[PDB]
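This document opens with one chain alone, in structure tokens, the form deposited in one PDB entry.
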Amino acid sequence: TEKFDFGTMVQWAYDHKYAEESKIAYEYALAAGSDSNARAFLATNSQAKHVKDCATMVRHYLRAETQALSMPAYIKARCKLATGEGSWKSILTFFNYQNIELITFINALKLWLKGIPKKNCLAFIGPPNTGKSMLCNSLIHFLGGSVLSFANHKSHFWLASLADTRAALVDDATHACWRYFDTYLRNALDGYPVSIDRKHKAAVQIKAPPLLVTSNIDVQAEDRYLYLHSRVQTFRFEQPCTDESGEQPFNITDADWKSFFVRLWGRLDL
């Protein structure tokens, strides 16, 4: 009875960060009890179209709204997202544990986040069960980055994510993987623009984001990976951890990284 206003619903949707049709529809129809517009919505002979468009719009921003930030801004935004309690000390504990000086990682982490040529790829090498996927997965999750599945490597579309995320991580690189790297991904390592295909869409011309790599292989040593030497910052995690006792081993959480970034914000040149 009060002519439905799309823009309003979008706003609404956008405010509650509701981005999937299914929800928008439902949640709104609920607010129909105490909301003239919502009520107006259910009156529409085209709820369908709106719910769709509503979402389309919402995500539209959200994506765009994020693509906007700068690494700092972005990392700042990724902090508001971190919920719960923890402390940078946890991270420090671990690195110390691996016999690595946090400053070393910090210094490494500074040029990384900045995507500085030849300082754009961090590798965590070591025997199995040393915390490699741990850390790297926890950091990526924090940063809201994408994990690359080198299994799909057969398809050149296994890099499609690189056109979106701020940070990608290739977990457990094998010789076949490193070879791939040394062969086709050199630019992704020299900060030169690189082409990246997208399912059904046109290729994108972008700068390859920060890369995280875990491997049992010390590329730094193997001679067939020469080009990679100067292009991969390597930390060697040797001391094990996951022991035969069932006990919950270390686990850096979003919170932890929150503290880390918040407390090191000065030193990281952010």
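Only residues modelled in both forms are compared. Sequential numbering from 1, following the sequence displayed. In this text, the rigid core denotes the largest set of C-alpha atoms whose superposition between the two forms falls within 1.5 Å.
Beyond what is shown, the protein has a form deposited in another entry; the following relates to that form.
Once you line up the core between this form and the one not shown, the Cα of residue 27 ends up 2 Å or more from where it was. Relative to the superposed core, residue 62 shifts its CA atom by 2 Å or more between this form and the one not shown.
Core superposition between this form and the one not shown reveals a single run of 3 or more residues with every CA shifted by 2 angstroms or more: 3-67.
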